[PDB]
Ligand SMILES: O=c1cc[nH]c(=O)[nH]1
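Only one chain is included here, represented as structure tokens and corresponding to the form solved without the named molecule.
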């Protein structure tokens, strides 16, 4: 085609400028089952892309995969095929008690705890979402009436220490993070994830717009445990949400 690790050409999109990029590519297919006339574009490494329409428009849903080292690849190669709006939808677990599993999270900006974003702009520069993609994500959630949360997200690079988890092998998080989470709550940040730091900033630093929505799948605070049975919320909600939000900014 022209890219590399995505193997989609330049016509596979047919004037596609938006892209609902999710984490696991297991989701990319079900995300498009929500829209119309899709197509399994490609699927190379962990970059599974589809192609669906909407309101007479052409948008694609490409999976980005764990962390920005990969994330940038997708954003990189997709944004050069044409996409100028990157809508991210994934799962997560929040750090604040006031957030009930099954609440959606629209994120204005994320706490950069990664070293990849630094490859696009200084640590001074913010990993802030796009207003258009942000209002179009809080109205979307409100449209279905979901108890949405807008704030900031702590975008770490590790699933264990950057998120201060002690239920691990060593059972010890490095000094810089010994207490990070208790600091994150006091500052109001909503949860933890690992791809927004890259996306937010690499988009915000080059004529690209983007936003992030996520569904609280679990939550490392609320005592009583959920139910997997009711973990499908990502479907009728977040997934629905992103498809709807994308509708708007189409």
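Residue numbers count along the first chain shown, from 1. Take the two forms, find the largest set of C-alpha atoms that superpose within 1.5 Å, and that set is the rigid core.
What comes next is about the form solved in complex with the named molecule, which is not displayed.
Enquirer: Can you pick out, from 82, 161, 151, 93, the residue that has a heavy atom within 4.5 Å of the named molecule in the entry with it bound?
Expert: Among 82, 161, 151, 93, a heavy atom within 4.5 Å of the named molecule in the entry with it bound occurs only for 93.
Enquirer: Looking at 194, 41, 52, 31 here, can you tell me which has any non-hydrogen atom within 4.5 angstroms of the named molecule in the entry with it bound?
Expert: If I apply the 4.5 Å criterion carefully, the residue I get is 194.
Enquirer: Pick from 197 to 205, 52 to 60, 210 to 218, 32 to 40: which stretch has non-hydrogen atoms within 4.5 Å of the named molecule in the entry with it bound?
Expert: It is the stretch 210 to 218.
Enquirer: Going by heavy atoms, what in 107 to 124 lies within 4.5 angstroms of the named molecule in the entry with it bound?
Expert: Residues within 4.5 Å: none.
Enquirer: Among 39, 66, 225, 187, which is the residue that shifts its C-alpha 2 Å or more between this form and the one not shown, core superposed?
Expert: Spelled out, the residue whose C-alpha shifts by 2 Å or more is 225.
Enquirer: Tell me whether residue 12 is among the residues that move between this form and the one not shown (Cα shift of 2 angstroms or more, core superposed).
Expert: No, the C-alpha position differs by under 2 Å between this form and the one not shown.
Enquirer: Thinking of the 3 angstroms or more shift, are the C-alphas of residue 36 and residue 234 brought closer or pushed farther apart in the entry with it bound than in this view?
Expert: Their C-alpha distance grows by at least 3 Å in the entry with it bound.
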